[PDB]
Amino acid sequence: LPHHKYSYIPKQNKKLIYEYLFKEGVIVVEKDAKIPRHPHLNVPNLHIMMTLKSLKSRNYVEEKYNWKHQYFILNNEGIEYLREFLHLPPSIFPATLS
Amino acid sequence: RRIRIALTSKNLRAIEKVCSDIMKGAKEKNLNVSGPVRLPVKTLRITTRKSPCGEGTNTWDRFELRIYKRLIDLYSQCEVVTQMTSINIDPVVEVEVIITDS
Amino acid sequence: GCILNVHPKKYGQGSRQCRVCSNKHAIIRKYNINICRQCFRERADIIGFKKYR
Amino acid sequence: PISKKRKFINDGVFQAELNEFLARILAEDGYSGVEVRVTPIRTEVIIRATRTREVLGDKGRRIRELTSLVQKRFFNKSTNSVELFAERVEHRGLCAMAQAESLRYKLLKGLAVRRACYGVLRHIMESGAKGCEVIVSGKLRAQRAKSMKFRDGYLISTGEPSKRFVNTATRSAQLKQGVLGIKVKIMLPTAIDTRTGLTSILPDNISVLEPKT
Amino acid sequence: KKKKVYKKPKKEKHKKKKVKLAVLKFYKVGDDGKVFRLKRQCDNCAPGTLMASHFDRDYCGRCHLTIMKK
RNA sequence: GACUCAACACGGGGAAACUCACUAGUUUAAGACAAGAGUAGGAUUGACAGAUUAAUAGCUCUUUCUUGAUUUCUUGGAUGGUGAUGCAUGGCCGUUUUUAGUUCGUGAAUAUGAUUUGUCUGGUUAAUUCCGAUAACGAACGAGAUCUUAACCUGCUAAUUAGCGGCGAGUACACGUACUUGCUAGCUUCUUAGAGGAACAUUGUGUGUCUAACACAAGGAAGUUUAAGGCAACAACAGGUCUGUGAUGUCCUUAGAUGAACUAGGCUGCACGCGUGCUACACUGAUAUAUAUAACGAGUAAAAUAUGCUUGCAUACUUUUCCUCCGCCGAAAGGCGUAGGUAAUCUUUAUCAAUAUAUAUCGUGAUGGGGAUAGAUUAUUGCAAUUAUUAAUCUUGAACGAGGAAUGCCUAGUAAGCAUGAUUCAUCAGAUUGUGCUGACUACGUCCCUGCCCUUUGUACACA
Ligand SMILES: [Mg+2]
Ligand SMILES: [Mg+2]
Ligand SMILES: [Mg+2]
Ligand SMILES: [Mg+2]
Ligand SMILES: [Mg+2]
Ligand SMILES: [Mg+2]
Ligand SMILES: [Mg+2]
Ligand SMILES: [Mg+2]
Ligand SMILES: [Mg+2]
Ligand SMILES: [Mg+2]
Ligand SMILES: [Mg+2]
Ligand SMILES: [Mg+2]
Ligand SMILES: [Mg+2]
Ligand SMILES: [Mg+2]
Ligand SMILES: [Mg+2]
Ligand SMILES: [Zn+2]
């Protein structure tokens, strides 16, 4: 713990967010950067906002916004990218696909 | 065993019909049933302005949300009344069962 | 250090906002609605309020 | 343990927000309403639309995602207590929301306004509808905005009957050069249950019966 | 409303001066008298967290523990 | 921003910070993605001490440790904006207009046409509401009907978190009355709330074409559709709003930002002009004591109270945060300790107010009328009260003696007088929006002024 600047996402935070998104299928993000943490996830809310923003620009999620929330959904390329990134066997599927 | 049935709802038809059905259904079993108690009706009021902007004559509108409540007592078992209560009620009425032994 | 968002904001107009717009003006606080007046006049029917007289 | 007033307000707000979310998600599927049955055991949502097939998805894949999103937004504490069901509208020629969405979808493809309006008129009227009205407002061709009205049959405006026997919706379409508003009004074929629910007819009629002979 | 008036040039940002292979100045080893630490080691940080040899004190860059020279 | 009605206690606009859009400064990246560069022999991140800064922003400098590919530099490309445009638009609202208006089929005027008639001389109504006359005969929206609240019911259905009554034990009086208290036949007057009923101009008398209707009397809870509201046709305005909006087109701007924040200031500054109001000019009063008497309401992720340690940490989310009875302290404001209540159950309402009523003092005197402007001390909200947040005590004691030319609202439980609950709200109502209490005078009309409408008429007007 050397106390870097706020919004300097470590590798572990990104790994946790990717794991959650792959296991679960979807994610709700709550656009507000002043919240300390996510309901299901012990990470600064700004980090989740930044990562999910980055995924949408590359066409790995689809999102659409109702008043005060984000509602992201994963593509098929999202699944493939997350297998390649996280090194999971070619059998695992997200929970929505069952 | 001094069981009390309590009903609340926004709709007058709905809760009146549910009360009638419960009252008639419990009387097919020959049970001492206390007639429904209609508590005072309570109204929620908001008085807001029209006109998103601020010009023109100043007009208002008055909004109302009123709540009804019924109340039924009877001597029976817990399982009997909890079966009789639940027959997939019109889900706009709330039903809750309490034991008033004291 | 950082001086970002460090002013105390526990009370006052700067603390709460609209549940829908995020605006900070003419908020309904009665019964904890927490919607400004315009959105409420748009949504009052489905919320449960009626016009009788 | 909050009081009754706050409980009812909470139900109203939750209803409104869920409805708006679902109307945004299922735009291209003829979305028409939502019904919620909140038991403390489980809560069940019942969606109403025209195209149930493409709402459901491939072996129900889309509806599972909808359930997961609705749960993570509104029932965060638990894990599996919410499920959804899709139903199809019986008579889509009298659902104003469906007709307004259809007109929007038509107008987004560049088709002419007048043909679309006469088409929707002819479609509504053949379902037995007693009257209908369609209005389109904005920059139609020129740079100065205009309104166009299209009517058929019989329609009421004032009183309490006009709120029972008429069905209304509004939608907007973003064209390249502005926004257009769409406004549909359908009078139902003498079909309206009452506040003391029973099939009514009309507060304006005094038929006199014929003596038996 | 008006365009600014700039009479004073910009405040400059902070760059970090660079030293090539500074670690080879921290340990040096002879043939006799093997490896000898040239800076000193911390107290509550995992071993190898060295601290600055300042003009009058020693400073740990990771926990900011200051020990005054005297 | 808005400038006749239809701007000027309006933008729910009562701004100490925030809000905030304005003034003076200082930080931040929370600059997607793509391409090139740079680089593990280190891209970049953070910071003690001294200086330096309003500042405990390592902001920057000296000094020299930490960090590990998250970032950094270049060109594109997105994103945000209470920035411009309501004369580019959506939606919503105001106004014409709460008036009584608007259209269609067939026939006729045609024997060119724009277009007429139907939709009217007259009587009648709140009403193109009806009767009736008739080159027209029939239809539709608007009006009416419908909906909500109020007024009647000793008849129906009900008894809790409502009452009354029944049975005992007392405390005092008169030979039953008032109050306290333990318990619990029956009933629905009082309280609550569901279903029904009741008025139709009924009956009598008059006016009218004896049609459509109007007036008076009797009965009746009620006889101006019984009272008040909500809804609101066809057609319009360059009416207002992009400063309500992840409604939006175009134009600007985008690292020395017009993005997002942090510190201080301003929106409240005062020779003057205008609109809405509060308090008064006294005796039908002021002050002081005492008696009696309402209705609609509201109410429960953070900081805060307690061991080991040198103003900080780890700890129960075990108490507390909203209305607050009661007890004690204090002239008062208020403070301390402890109940009940997520509420027909407690605060608190067989009563939470003030006009009223009774008795005394003052005595026509800018006076014991009036209470502006100033001095001093004390409390509470808040991180912070100075340009004085609000409240408490003593002191000071201005204009004003009924208001010129002008001009507003109003017909019955109404005007006026009198207080109160909610909205905003950490703290602040002389403002809105509801509620009740005391309760008049004058008319029962007209077309004179003002406005709106219809017919005939003139027109060189049609942005009228
Ligand atoms: Mg329009
Ligand atoms: Mg009407
Ligand atoms: Mg103020
Ligand atoms: Mg904006
Ligand atoms: Mg305009
Ligand atoms: Mg407009
Ligand atoms: Mg004519
Ligand atoms: Mg009674
Ligand atoms: Mg806007
Ligand atoms: Mg500021
Ligand atoms: Mg001002
Ligand atoms: Mg005096
Ligand atoms: Mg005085
Ligand atoms: Mg105000
Ligand atoms: Mg006149
Ligand atoms: Zn809003």
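By convention in this document, chain letters (A, B, ...) are assigned in the order of the sequence lines, proteins followed by strands, and residues within each chain are numbered from 1. When reading the values below, keep in mind they use all heavy atoms of this one structure, side chains included, and skip hydrogens, waters and symmetry mates.
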May I ask which nucleotide in the shown strands pairs with F:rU106, Watson-Crick or G-U wobble, both distances under 3.5 Å?
F:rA136
So which nucleotide from F:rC262, F:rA34, F:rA29 ends up closest to the side chain of C:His7?
F:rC262
Is C:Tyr52 stacked on the base of F:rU148, with ring centres under 5.5 Å apart and planes under 30° apart?
no
Is there a side-chain contact between A:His4 and A:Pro2, using heavy atoms and a 4.5 Å cut-off?
yes
From the list D:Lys185, D:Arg151, D:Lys149, side chain to side chain donor-acceptor pair (under 3.5 Å) with D:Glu133 holds only for D:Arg151
Face-on cation placement of D:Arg24 at A:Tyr71 ring, 6.0 Å and 45° thresholds:
no
Using only heavy-atom distances, decide whether a donor-acceptor pair under 3.5 angstrom links the side-chain of D:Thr158 to the base of F:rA232.
no
Nearest to the side chain of D:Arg144, heavy atoms from C-beta on, is which of F:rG229, F:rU63, F:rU89?
F:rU89
Which whole number of Å gives the distance between the P atom of F:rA136 and that of F:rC120?
11 Å
Pair of N/O donor and acceptor under 3.5 Å linking F:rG230 base with B:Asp61 side chain
no
Heavy atoms only, 4.0 Å cut-off, all strands: where does A:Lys31 land among base, sugar-phosphate and nothing?
base
What contact category does C:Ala26 fall into here, base, sugar-phosphate, or nothing, at under 4.0 angstrom with non-hydrogen atoms?
base
Which sits closer to the 5' end of RNA chain F, E:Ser53 or B:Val41, going by the nucleotide each is nearest to?
E:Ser53
Taking the side chain of A:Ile9 as heavy atoms from C-beta outward, which of F:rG246, F:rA426, F:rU70 is closest to it?
F:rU70
Quick one: does any side-chain atom of A:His38 pair with a main-chain N or O of A:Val28 as donor and acceptor, under 3.5 Å?
yes
As its Watson-Crick or G-U partner within any shown strand, both distances under 3.5 Å, F:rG382 has none
Pucker class of F:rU433, where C1'-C2'-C3'-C4' positive means north and negative means south:
north
Please confirm whether C:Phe49 and C:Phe40 have ring centers closer than 6.0 angstrom.
yes
Applying a 4.0 Å non-hydrogen cut-off, can you work out what C:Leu4 is touching in the nucleic acid: base, sugar-phosphate, or nothing?
base
Between F:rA304 and F:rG327, how far is it from one P atom to the other, in whole Å?
33 Å
With sugar-phosphate meaning primed atoms plus P, OP1 and OP2, does B:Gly56 contact a base, only sugar-phosphate, or nothing at under 4.0 Å between heavy atoms?
sugar-phosphate
